[PDB]
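Engineer: Questions regarding the structure given below will be posed in turn.
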Amino acid sequence: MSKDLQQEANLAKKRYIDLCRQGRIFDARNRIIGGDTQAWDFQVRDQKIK
Amino acid sequence: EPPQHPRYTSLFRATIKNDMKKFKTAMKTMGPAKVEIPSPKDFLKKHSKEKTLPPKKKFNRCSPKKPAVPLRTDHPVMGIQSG
Amino acid sequence: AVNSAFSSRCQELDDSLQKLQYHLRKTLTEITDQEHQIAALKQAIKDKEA
Amino acid sequence: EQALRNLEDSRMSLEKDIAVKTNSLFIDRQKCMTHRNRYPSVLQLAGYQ
Amino acid sequence: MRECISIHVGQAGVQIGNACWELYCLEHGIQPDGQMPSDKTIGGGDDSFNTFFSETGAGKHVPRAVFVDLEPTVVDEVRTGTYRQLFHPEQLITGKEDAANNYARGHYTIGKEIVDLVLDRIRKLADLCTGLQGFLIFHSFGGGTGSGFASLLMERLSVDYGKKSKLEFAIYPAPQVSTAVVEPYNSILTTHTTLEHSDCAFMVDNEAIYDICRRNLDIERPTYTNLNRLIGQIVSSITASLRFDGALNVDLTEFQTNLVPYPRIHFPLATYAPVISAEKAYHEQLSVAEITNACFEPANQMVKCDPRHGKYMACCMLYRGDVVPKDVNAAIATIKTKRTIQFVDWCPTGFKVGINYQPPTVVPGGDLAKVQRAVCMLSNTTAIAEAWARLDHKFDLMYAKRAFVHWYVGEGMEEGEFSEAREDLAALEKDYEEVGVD
Amino acid sequence: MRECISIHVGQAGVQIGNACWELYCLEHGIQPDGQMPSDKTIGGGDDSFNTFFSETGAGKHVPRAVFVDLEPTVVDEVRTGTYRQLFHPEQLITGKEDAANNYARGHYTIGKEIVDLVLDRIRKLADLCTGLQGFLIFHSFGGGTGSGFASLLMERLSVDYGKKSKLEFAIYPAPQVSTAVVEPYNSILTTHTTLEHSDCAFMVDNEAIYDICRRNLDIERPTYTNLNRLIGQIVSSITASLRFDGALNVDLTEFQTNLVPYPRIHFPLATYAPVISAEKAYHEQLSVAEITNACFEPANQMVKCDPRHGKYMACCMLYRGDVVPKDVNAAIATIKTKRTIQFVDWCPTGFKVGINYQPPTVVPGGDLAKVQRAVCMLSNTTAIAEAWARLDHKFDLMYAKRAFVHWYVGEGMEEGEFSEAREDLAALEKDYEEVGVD
Ligand SMILES: Nc1nc2c(ncn2[C@@H]2O[C@H](COP(=O)(O)OP(=O)(O)OP(=O)(O)O)[C@@H](O)[C@H]2O)c(=O)[nH]1
Ligand SMILES: Nc1nc2c(ncn2[C@@H]2O[C@H](COP(=O)(O)OP(=O)(O)OP(=O)(O)O)[C@@H](O)[C@H]2O)c(=O)[nH]1
């Protein structure tokens with residue numbers, strides 16, 4: 001029966017990327033311009049000093 | 001009288017007989033019977049003993065089956081209309 | 001959201017393991033070199049006694 | 001030789017950490033989601049409406 | 001299914017593949033050991049790796065590529081690298097004798113006894129594959145071993161396998177920089193051989209690659225790793241359609257059908273728009289419009305050709321990341337209505353859009369940007385003939401004074417095949433203006 | 001019931017046999033003492049050993065194999081070995097005079113007074129046996145004591161017992177390697193004597209056995225222990241049908257009825273597919289497909305013959321391990337679809353598949369692979385005539401200048417018998433051509 005549960009688990013993955021995709025729908029709303037991009041450069045500018 | 005069966009040359013005579021002898025660089029390698037000491041006689045002749053060999057050829061390469069791309073600005077048939 | 005958080009934590013833990021083994025192998029190599037050097041050092045001491 | 005001894009102390013700390021972390025990963029990677037699969041479905045949670 | 005095989009020839013062609021497969025292991029989270037963590041992704045080899053790796057029951061992701069060289073120097077060191085356990089030892093086909101930049105020596109002297117070995121690899125890789133859309137040929141025109149050996153094998157894989165695609169990628173010779181003066185010899189030798197057999201040959205020139213680095217990436221001091229990263233990013237971008245999905249999914253078959261207008265000429269130009277230093281995109285914004293302006297900005301191309309000196313035929317754009325059709329169709333509508341971009345009148349539309357939702361991810365210890373909206377701009381224009389025009393006047397002099405011929409006639413070649421290529425080349429240019437001429 | 005008899009002639013034919021029961025005792029767990037643990041497997045001699053060993057009420061597994069030798073050197077050292085307590089003293093037939101590589105010396109001078117004694121072993125083994133399907137003859141064409149002695153005894157066992165099979169196994173003469181120049185003499189003598197009596201003669205060659213070793217087994221310096229291990233594995237696989245069962249069970253009679261097309265020619269080729277190093281098997285995968293491709297790869301055969309130089313008649317597959325009909329029948333169907341594989345049009349089907357569930361086990365102190373799916377490739381083709389045509393051009397050279405004849409005419413022969421063998425051979429290739437000609 002566990003195989004029926006894993007195909008339930010991957011469906012639980014599908015709904016969540018749908019939860020994610022609506023997040024990415026609102027991410028695109030934010031990604032008019034985003035902010036985690038700012039966070040990324042901090043490490044990039046950090047290592048550049050190194 | 002049994003005729004000797006014509007020795008079938010499934011290559012062999014052609015290849016394997018000549019293949020044994022061909023991959024052989026012998027009569028050469030450990031050393032000669034002696035070094036033929038070059039008596040002071042001569043050397044090459046005014047820049048002789050060269051490798052230059054200008055050949056003459058035009059040999060065709062394989063076939064580009066790939067046919068001509070254009071029709072050199074020509075026409076197919078269009079515009080056939082009937083009232 | 002519970003399931004998502006669990007998955008993220010597990011991934012971080014795996015990364016930590018990777019770093020650990022990375023350190024271990026070079027520790028191994030370094031100690032081997034150190035031992036060989038100290039043996040050469042005793043030999044040099046006797047040679048100097050000569 | 002002192003530095004050498006310090007090196008073995010470092011490595012022994014390392015392997016103890018290895019064992020601890022391996023145990024933790026086994027536990028959480030095994031028990032949780034395997035039991036979590038039993039989570040019911042939305043319609044029967046709606047009561048077979 | 002949707003899988004292919006990559007090939008790496010020429011001593012240059014193997015370090016580039018290394019970085020590509022180095023890049024490829026990151027997006028799949030491949031540990032250098034060869035296995036996934038306790039996470040359930042291993043099986044009958046059918047997952048995101050099935051199109052790229054072969055992670056069979058042993059759990060080891062086997063890359064679907066064969067690395068071929070003739071000098072053991074580089075291949076032994078990578079055999080002592082970090083992922084050498086991943087790489088199959090005899091897929092790293094090594095050699096003991098070089099081609100000495102000689103196309104023919106790499107085509108006649110040693111290639112005969114080695115191709116049978118690699119052909120065994122091909123068929124033993126052919127049998128395990130299922131869909132096998134085509135091949136990835138990584139090489140170089142100025143191939144120290146790339147020129148001669150690739151030419152023979154691509155002939156051999158063509159004759160037995162003529163029903164699938166063959167994708168060619170080589171560094172275009174630098175227009176004014178030459179690390180070899182015999183490089184023109186084999187380069188035109190390679191081109192004329194491949195024209196009737198190569199399916200899609202894609203080029204690149206390193207000078208403008210360096211020029212980009214200190215233009216926008218602000219790196220006045222880059223490295224091959226950086227160069228390999230961006231070409232590795234380039235091939236990663238075109239292969240993301242195989243990896244992930246998007247609004248629509250497109251394949252090399254569509255690429256082939258829609259990009260090449262007519263036979264022979266199959267030499268478009270790739271380009272990646274969001275090439276910027278991280279700190280520059282830090283306080284600025286990137287969107288579809290400006291990257292479209294940037295991707296069509298003439299100095300952003302890696303090939304020394306002015307598009308205003310030529311005319312456009314085809315353009316393929318591949319948006320990887322988060323996009324919406326609304327701005328995409330509007331922006332290109334502005335682009336289609338742009339005056340300076342001189343498309344040939346023969347094509348009403350020439351635009352092949354590819355959409356992939358997955359954002360391009362960074363590489364640890366990298367240098368690139370932080371991209372949400374990425375596009376690889378593949379395009380074909382008439383401004384390319386100048387390069388071959390640059391090539392011929394170089395060759396016509398040096399051939400007329402027949403330099404280095406003693407080398408090639410010494411090892412058994414002769415002038416006729418050299419003669420053939422020039423009108424074969426002259427055929428190439430004379431085709432280029434007539435397609436330009438409406 | 002299901003049993004057979006083993007015969008070992010030639011001083012080099014005994015160490016190879018020695019390994020067999022060294023191998024055989026492992027998969028049965030036979031202790032070198034000669035007894036199992038206290039667990040109840042003893043009786044009148046009826047269990048997995050009953051087909052091979054004779055563990056009577058005394059409880060000692062007695063191998064059903066007579067080792068005949070003409071020099072007490074190697075037979076006594078193994079008589080001082082590890083399993084000598086298992087072995088019957090005078091079943092280990094020792095000898096006091098050599099044949100000096102002379103066929104007729106072992107066939108006339110000394111074989112007379114020895115064959116009567118060894119025949120006593122055969123009948124005293126025959127009487128205790130019940131079904132005794134056939135005989136296992138291990139020898140060598142360059143048999144210093146194999147060639148001459150076997151020829152006489154095989155004649156004698158043929159005339160008294162013509163109602164049962166006799167299976168012959170000899171190292172084929174090394175094609176381009178000759179450790180003895182008289183070898184073409186006695187070899188052609190053996191062949192013409194055996195053509196009208198031998199049931200099924202199977203050949204192997206040492207060179208290709210080593211060639212495999214440093215190709216995929218990755219051993220640049222193996223030993224006889226490995227070489228004997230490989231062939232001992234081969235005979236173990238063919239005897240697994242006697243030992244264990246499978247999806248279907250086959251017998252040497254089926255092998256005989258279906259392999260030999262017509263009288264005379266009974267000389268197929270055997271091969272083992274899963275030949276790989278332990279580590280290579282570790283991070284790779286085994287399945288029916290690739291081993292089917294590997295087993296039909298031309299360089300995996302142990303005989304210096306190009307299959308594309310000839311054409312196929314029969315192919316027998318002995319799948320030992322876990323396989324299903326589905327992939328097996330699908331894979332062979334694709335093999336039938338292959339065009340390079342050239343079976344003779346006389347046989348639409350020539351496929352004899354054998355399935356055995358038991359996985360091939362490893363040997364302690366061994367170097368073999370990890371086998372879950374094995375197959376033994378018994379196959380006969382027309383590309384075999386090269387071997388004899390290699391012998392005759394050698395032989396016709398010496399015979400015209402009649403070297404070493406003073407040795408042979410010295411101890412009592414003439415040239416007529418040497419004459420017969422040449423047209424006896426000349427029949428073979430003229431038979432080979434006609435069967436080769438469709
Ligand atoms: N794409 C790419 N090209 C390179 C790289 N390094 C050098 N090159 C250039 O590409 C050419 C490679 O051709 P070759 O030099 O003949 O290399 P090869 O045929 O593999 O073998 P060699 O003769 O030993 O060098 C060189 O002439 C360089 O100018 C690199 O890392 N990547
Ligand atoms: N069958 C077999 N042959 C071997 C082995 N090792 C080497 N050989 C070769 O096989 C040949 C064995 O035949 P012979 O030399 O005639 O041996 P013999 O007939 O038992 O008696 P001798 O003439 O005394 O050696 C040798 O010449 C070797 O070249 C082995 O382990 N088994």
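Here, A, B, ... name the chains of the structure tokens in the order displayed, residue numbers run from 1 inside each chain, and ligands are numbered from 1 in the same displayed order.
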Tell me which protein, DNA and RNA residues are within 12 Å of residue 138 in chain F, counting only C-alpha atoms, leaving out same-chain ones fewer than 2 positions away, and put them as a PDB file with C-alpha atoms, in the first residue's frame.

Structural biologist:
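Resulting contents of out04.pdb:
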ATOM      1  CA  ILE F   5      32.570 -38.959 -16.366  1.00  0.00           C
ATOM      2  CA  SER F   6      35.615 -36.667 -16.493  1.00  0.00           C
ATOM      3  CA  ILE F   7      38.944 -37.488 -18.170  1.00  0.00           C
ATOM      4  CA  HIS F   8      42.124 -35.384 -17.994  1.00  0.00           C
ATOM      5  CA  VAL F   9      45.092 -36.078 -20.292  1.00  0.00           C
ATOM      6  CA  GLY F  10      48.154 -33.984 -21.124  1.00  0.00           C
ATOM      7  CA  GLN F  11      50.489 -32.869 -18.353  1.00  0.00           C
ATOM      8  CA  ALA F  12      48.995 -29.379 -18.609  1.00  0.00           C
ATOM      9  CA  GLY F  13      45.457 -30.762 -18.640  1.00  0.00           C
ATOM     10  CA  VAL F  14      45.585 -31.705 -14.966  1.00  0.00           C
ATOM     11  CA  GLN F  15      46.115 -28.362 -13.221  1.00  0.00           C
ATOM     12  CA  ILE F  16      43.171 -26.936 -15.167  1.00  0.00           C
ATOM     13  CA  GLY F  17      41.086 -29.890 -14.031  1.00  0.00           C
ATOM     14  CA  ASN F  18      42.466 -29.533 -10.509  1.00  0.00           C
ATOM     15  CA  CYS F  20      37.507 -27.441 -11.424  1.00  0.00           C
ATOM     16  CA  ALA F  65      37.252 -37.926 -12.761  1.00  0.00           C
ATOM     17  CA  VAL F  66      40.269 -39.918 -13.906  1.00  0.00           C
ATOM     18  CA  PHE F  67      43.477 -37.898 -14.233  1.00  0.00           C
ATOM     19  CA  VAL F  68      45.907 -39.649 -16.581  1.00  0.00           C
ATOM     20  CA  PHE F 135      32.088 -38.245 -20.991  1.00  0.00           C
ATOM     21  CA  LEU F 136      34.134 -35.113 -20.290  1.00  0.00           C
ATOM     22  CA  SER F 140      45.132 -30.202 -25.760  1.00  0.00           C
ATOM     23  CA  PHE F 141      45.985 -30.229 -29.453  1.00  0.00           C
ATOM     24  CA  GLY F 143      49.273 -32.124 -26.054  1.00  0.00           C
ATOM     25  CA  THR F 145      50.996 -36.167 -23.440  1.00  0.00           C
ATOM     26  CA  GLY F 146      47.431 -35.194 -24.339  1.00  0.00           C
ATOM     27  CA  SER F 147      47.523 -35.596 -28.119  1.00  0.00           C
ATOM     28  CA  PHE F 149      47.349 -40.857 -25.428  1.00  0.00           C
ATOM     29  CA  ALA F 150      43.864 -39.371 -25.768  1.00  0.00           C
ATOM     30  CA  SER F 151      43.634 -40.358 -29.437  1.00  0.00           C
ATOM     31  CA  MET F 154      39.053 -42.079 -27.349  1.00  0.00           C
ATOM     32  CA  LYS F 166      31.782 -37.784 -25.445  1.00  0.00           C
ATOM     33  CA  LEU F 167      32.556 -34.109 -24.823  1.00  0.00           C
ATOM     34  CA  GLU F 168      35.986 -32.845 -25.864  1.00  0.00           C
ATOM     35  CA  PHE F 169      37.747 -29.734 -24.558  1.00  0.00           C
ATOM     36  CA  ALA F 170      41.208 -28.752 -25.790  1.00  0.00           C
ATOM     37  CA  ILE F 171      43.222 -25.550 -25.877  1.00  0.00           C
ATOM     38  CA  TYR F 172      43.348 -24.635 -29.506  1.00  0.00           C
ATOM     39  CA  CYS F 200      31.556 -32.395 -29.836  1.00  0.00           C
ATOM     40  CA  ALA F 201      35.004 -30.788 -29.650  1.00  0.00           C
ATOM     41  CA  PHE F 202      35.289 -27.350 -28.038  1.00  0.00           C
ATOM     42  CA  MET F 203      38.329 -25.100 -28.385  1.00  0.00           C
ATOM     43  CA  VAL F 204      39.878 -22.219 -26.447  1.00  0.00           C
ATOM     44  CA  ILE F 231      37.736 -21.970 -18.022  1.00  0.00           C
ATOM     45  CA  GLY F 232      36.743 -23.726 -14.806  1.00  0.00           C
ATOM     46  CA  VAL F 235      32.633 -25.701 -17.564  1.00  0.00           C
TER      47      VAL F 235
END

Engineer: Per DSSP on the backbone, filter range 236-405 of chain F down to the residues in strand (DSSP E or B) and report them as JSON, numbers by chain.

Structural biologist: {"F": [248, 269, 272, 312, 313, 314, 315, 316, 317, 318, 319, 320, 321, 343, 351, 352, 353, 354, 355, 356, 373, 376, 377, 378, 379, 380, 381]}

Engineer: With a distance threshold of 10 Å and counting only C-alpha atoms, extract the residues of chain D near chain E and express them as number ranges by chain.

Structural biologist: D: 25-26, 29-30

Engineer: Do you know which residues are at most 10 Å from range 3-16 of chain A counting only C-alpha atoms, after dropping those on the same chain fewer than 4 positions away, and could you put them as a compact mmCIF listing (two decimals) with N, CA, C and O atoms, in the first residue's frame?

Structural biologist:
# COMPACT_ATOMS: atom_id res chain seq x y z
N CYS A 20 3.25 27.13 -4.45
CA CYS A 20 4.40 27.92 -4.86
C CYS A 20 4.10 28.76 -6.09
O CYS A 20 4.45 29.94 -6.13
N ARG A 21 3.46 28.17 -7.11
CA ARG A 21 3.29 28.91 -8.36
C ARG A 21 2.44 30.16 -8.14
O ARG A 21 2.75 31.22 -8.69
N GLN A 22 1.39 30.06 -7.33
CA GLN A 22 0.64 31.25 -6.94
C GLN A 22 1.52 32.20 -6.15
O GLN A 22 1.37 33.43 -6.25
N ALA C 1 2.73 23.44 5.04
CA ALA C 1 3.92 24.19 5.44
C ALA C 1 4.80 23.38 6.40
O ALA C 1 6.04 23.49 6.34
N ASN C 3 5.35 20.17 6.21
CA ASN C 3 6.15 19.26 5.38
C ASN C 3 7.30 20.01 4.71
O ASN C 3 8.44 19.52 4.66
N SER C 4 7.01 21.21 4.19
CA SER C 4 8.05 21.98 3.52
C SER C 4 9.22 22.29 4.47
O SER C 4 10.40 22.12 4.10
N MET D 33 7.97 11.29 7.81
CA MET D 33 7.14 11.27 6.61
C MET D 33 6.51 9.90 6.38
O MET D 33 5.40 9.82 5.83
N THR D 34 7.18 8.83 6.79
CA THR D 34 6.59 7.50 6.67
C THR D 34 5.29 7.42 7.44
O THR D 34 4.30 6.85 6.95
N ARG D 36 3.63 10.22 8.27
CA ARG D 36 2.83 11.34 7.79
C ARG D 36 2.04 10.99 6.54
O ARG D 36 1.05 11.66 6.22
N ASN D 37 2.45 9.95 5.82
CA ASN D 37 1.70 9.51 4.65
C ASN D 37 0.24 9.21 4.98
O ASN D 37 -0.63 9.41 4.13
N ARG D 38 -0.05 8.77 6.21
CA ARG D 38 -1.41 8.45 6.63
C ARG D 38 -2.33 9.66 6.71
O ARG D 38 -3.47 9.52 7.18
N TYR D 39 -1.88 10.83 6.27
CA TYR D 39 -2.69 12.03 6.36
C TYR D 39 -3.95 11.87 5.51
O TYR D 39 -3.86 11.45 4.35
N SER D 41 -7.59 12.63 3.31
CA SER D 41 -7.84 13.37 2.08
C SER D 41 -8.91 14.42 2.31
O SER D 41 -9.77 14.28 3.18

Engineer: Skipping near chain neighbours, those fewer than 5 positions away, what residues fall within 10 Å of residue 17 in chain D using only C-alpha atoms, listed as a list in words?

Structural biologist: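 So, after excluding close chain neighbours, the residues are residues 17 and 20 of chain C; 11, 12 and 22 of chain D.
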
Engineer: For chain F, list the residues within 10 Å of chain E, counting only C-alpha atoms, and write the list as JSON, numbers by chain.

Structural biologist: {"F": [280, 281, 282, 283, 284, 285, 286, 289, 290, 293, 294, 297]}

Engineer: May I have the selected residues written with N, CA, C and O atoms, as a PDB file, in the first residue's frame?

Structural biologist:
ATOM      1  N   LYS F 280      34.746  -2.494 -11.238  1.00  0.00           N
ATOM      2  CA  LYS F 280      33.959  -2.013 -12.369  1.00  0.00           C
ATOM      3  C   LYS F 280      32.511  -2.470 -12.255  1.00  0.00           C
ATOM      4  O   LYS F 280      31.582  -1.712 -12.550  1.00  0.00           O
ATOM      5  N   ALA F 281      32.301  -3.715 -11.828  1.00  0.00           N
ATOM      6  CA  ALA F 281      30.944  -4.173 -11.561  1.00  0.00           C
ATOM      7  C   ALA F 281      30.306  -3.390 -10.423  1.00  0.00           C
ATOM      8  O   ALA F 281      29.082  -3.223 -10.393  1.00  0.00           O
ATOM      9  N   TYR F 282      31.115  -2.904  -9.481  1.00  0.00           N
ATOM     10  CA  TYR F 282      30.603  -2.243  -8.288  1.00  0.00           C
ATOM     11  C   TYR F 282      29.839  -0.964  -8.608  1.00  0.00           C
ATOM     12  O   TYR F 282      28.738  -0.755  -8.090  1.00  0.00           O
ATOM     13  N   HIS F 283      30.397  -0.104  -9.457  1.00  0.00           N
ATOM     14  CA  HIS F 283      29.751   1.163  -9.773  1.00  0.00           C
ATOM     15  C   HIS F 283      29.112   1.171 -11.155  1.00  0.00           C
ATOM     16  O   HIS F 283      28.762   2.243 -11.657  1.00  0.00           O
ATOM     17  N   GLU F 284      28.958   0.010 -11.779  1.00  0.00           N
ATOM     18  CA  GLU F 284      28.171  -0.150 -12.993  1.00  0.00           C
ATOM     19  C   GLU F 284      27.024  -1.121 -12.723  1.00  0.00           C
ATOM     20  O   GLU F 284      26.835  -1.599 -11.603  1.00  0.00           O
ATOM     21  N   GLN F 285      26.256  -1.413 -13.769  1.00  0.00           N
ATOM     22  CA  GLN F 285      25.063  -2.234 -13.653  1.00  0.00           C
ATOM     23  C   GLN F 285      25.085  -3.327 -14.711  1.00  0.00           C
ATOM     24  O   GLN F 285      25.623  -3.142 -15.806  1.00  0.00           O
ATOM     25  N   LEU F 286      24.497  -4.470 -14.370  1.00  0.00           N
ATOM     26  CA  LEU F 286      24.392  -5.605 -15.277  1.00  0.00           C
ATOM     27  C   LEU F 286      22.925  -5.875 -15.583  1.00  0.00           C
ATOM     28  O   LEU F 286      22.081  -5.867 -14.680  1.00  0.00           O
ATOM     29  N   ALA F 289      20.376  -6.702 -21.590  1.00  0.00           N
ATOM     30  CA  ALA F 289      20.606  -5.956 -22.824  1.00  0.00           C
ATOM     31  C   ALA F 289      22.092  -5.814 -23.124  1.00  0.00           C
ATOM     32  O   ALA F 289      22.582  -6.317 -24.142  1.00  0.00           O
ATOM     33  N   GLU F 290      22.830  -5.137 -22.243  1.00  0.00           N
ATOM     34  CA  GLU F 290      24.236  -4.862 -22.517  1.00  0.00           C
ATOM     35  C   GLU F 290      25.063  -6.139 -22.593  1.00  0.00           C
ATOM     36  O   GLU F 290      25.963  -6.238 -23.434  1.00  0.00           O
ATOM     37  N   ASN F 293      24.566  -7.407 -25.887  1.00  0.00           N
ATOM     38  CA  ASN F 293      25.433  -6.670 -26.797  1.00  0.00           C
ATOM     39  C   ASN F 293      26.889  -7.071 -26.602  1.00  0.00           C
ATOM     40  O   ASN F 293      27.624  -7.272 -27.577  1.00  0.00           O
ATOM     41  N   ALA F 294      27.320  -7.194 -25.345  1.00  0.00           N
ATOM     42  CA  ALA F 294      28.705  -7.554 -25.064  1.00  0.00           C
ATOM     43  C   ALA F 294      29.028  -8.958 -25.553  1.00  0.00           C
ATOM     44  O   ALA F 294      30.114  -9.201 -26.093  1.00  0.00           O
ATOM     45  N   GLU F 297      29.807  -8.906 -29.113  1.00  0.00           N
ATOM     46  CA  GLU F 297      30.888  -8.034 -29.542  1.00  0.00           C
ATOM     47  C   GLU F 297      32.043  -8.886 -30.056  1.00  0.00           C
ATOM     48  O   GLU F 297      32.467  -9.821 -29.370  1.00  0.00           O
TER      49      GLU F 297
END

Engineer: Could the residues of chain E within 6 Å of chain B, counting only C-alpha atoms, be given as a list in words, please?

Structural biologist: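 Filtering chain E at 6 Å from chain B with only C-alpha atoms gives residues 196, 262, 263 and 416 of chain E.
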
Engineer: For the residues in that selection, give me N, CA, C and O atoms as a PDB file, in the first residue's frame.

Structural biologist:
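File out.pdb, as written:
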ATOM      1  N   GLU E 196      28.419  19.668 -45.547  1.00  0.00           N
ATOM      2  CA  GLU E 196      27.440  18.731 -46.071  1.00  0.00           C
ATOM      3  C   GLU E 196      27.082  17.634 -45.078  1.00  0.00           C
ATOM      4  O   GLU E 196      26.257  16.773 -45.399  1.00  0.00           O
ATOM      5  N   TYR E 262      17.642  27.342 -45.272  1.00  0.00           N
ATOM      6  CA  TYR E 262      17.982  26.560 -46.446  1.00  0.00           C
ATOM      7  C   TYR E 262      19.199  25.695 -46.166  1.00  0.00           C
ATOM      8  O   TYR E 262      19.937  25.940 -45.208  1.00  0.00           O
ATOM      9  N   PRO E 263      19.439  24.667 -46.996  1.00  0.00           N
ATOM     10  CA  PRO E 263      20.590  23.775 -46.787  1.00  0.00           C
ATOM     11  C   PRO E 263      21.942  24.463 -46.611  1.00  0.00           C
ATOM     12  O   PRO E 263      22.081  25.677 -46.794  1.00  0.00           O
ATOM     13  N   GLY E 416      45.442  19.159 -53.739  1.00  0.00           N
ATOM     14  CA  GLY E 416      44.125  19.196 -54.358  1.00  0.00           C
ATOM     15  C   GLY E 416      43.007  19.492 -53.377  1.00  0.00           C
ATOM     16  O   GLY E 416      42.152  20.340 -53.637  1.00  0.00           O
TER      17      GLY E 416
END

Engineer: Do a neighbour search on residue 17 in chain B at 12 Å with only C-alpha atoms, toss out local chain neighbours closer than 2 positions, and write the hits as a PyMOL selection string.

Structural biologist: (chain B and resi 9-15+19-23) or (chain F and resi 176+386+389-394)

Engineer: By how many Å are CA of residue 251 in chain E and CA of residue 130 in chain E apart?

Structural biologist: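 Here the two named atoms are 16.3 Å from each other.
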
Engineer: One decimal, in Å: what's the spacing between CA of residue 175 in chain F and atom 12 (C, counted along the ligand's line) of ligand 2?

Structural biologist: 14.7 Å

Engineer: Give me, as an MDAnalysis selection string, all polymer residues having an atom no more than 10 Å from residue 117 in chain E, counting only C-alpha atoms and skipping those fewer than 5 positions away in the same chain.

Structural biologist: chainID E and resid 90 93 112 122

Engineer: Can you spit out the residues from that selection as a tab-separated table (two decimals), in the first residue's frame, using N, CA, C and O atoms?

Structural biologist:
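Wrote selection.tsv, looks like this:
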chain	number	residue	atom	x	y	z
E	90	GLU	N	37.15	4.58	-19.13
E	90	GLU	CA	37.42	4.46	-20.56
E	90	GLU	C	36.45	5.26	-21.42
E	90	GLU	O	36.63	5.32	-22.64
E	93	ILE	N	38.41	8.59	-23.11
E	93	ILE	CA	39.27	7.99	-24.13
E	93	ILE	C	40.53	8.84	-24.24
E	93	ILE	O	40.48	10.00	-24.65
E	112	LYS	N	42.51	6.04	-37.34
E	112	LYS	CA	41.99	4.76	-37.83
E	112	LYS	C	41.90	3.74	-36.70
E	112	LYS	O	40.90	3.02	-36.57
E	122	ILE	N	30.21	4.32	-28.46
E	122	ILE	CA	29.00	4.91	-29.02
E	122	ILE	C	27.86	3.90	-29.04
E	122	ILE	O	26.77	4.16	-28.52

Engineer: Do you know which residues are at most 8 Å from residue 72 in chain E counting only C-alpha atoms, after dropping those on the same chain fewer than 4 positions away, and could you put them as an NGL selection string?

Structural biologist: :E and (76 or 94-96)

Engineer: Residues of chain E within 12 Å of chain C, using only C-alpha atoms, as a ChimeraX atom specification?

Structural biologist: /E:29-33,35-39,82

Engineer: To one decimal place in Å, what is the distance between CA of residue 425 in chain E and CA of residue 162 in chain E?

Structural biologist: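 The value is 24.3 Å.
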
Engineer: Output as a list in words the set of chain C residues within 8 Å of chain D, with distances taken over only C-alpha atoms.

Structural biologist: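 Every residue of chain C that passes the 8 Å test is in residues 10, 13, 17, 20, 24, 27, 31, 34, 35 and 38 of chain C.
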
Engineer: Tell me the residues of chain E close to chain A, meaning within 12 Å using only C-alpha atoms, as a VMD selection string.

Structural biologist: chain E and resid 40 218 to 219 246 276 to 288 321 to 324 327 357 to 359 361 to 373
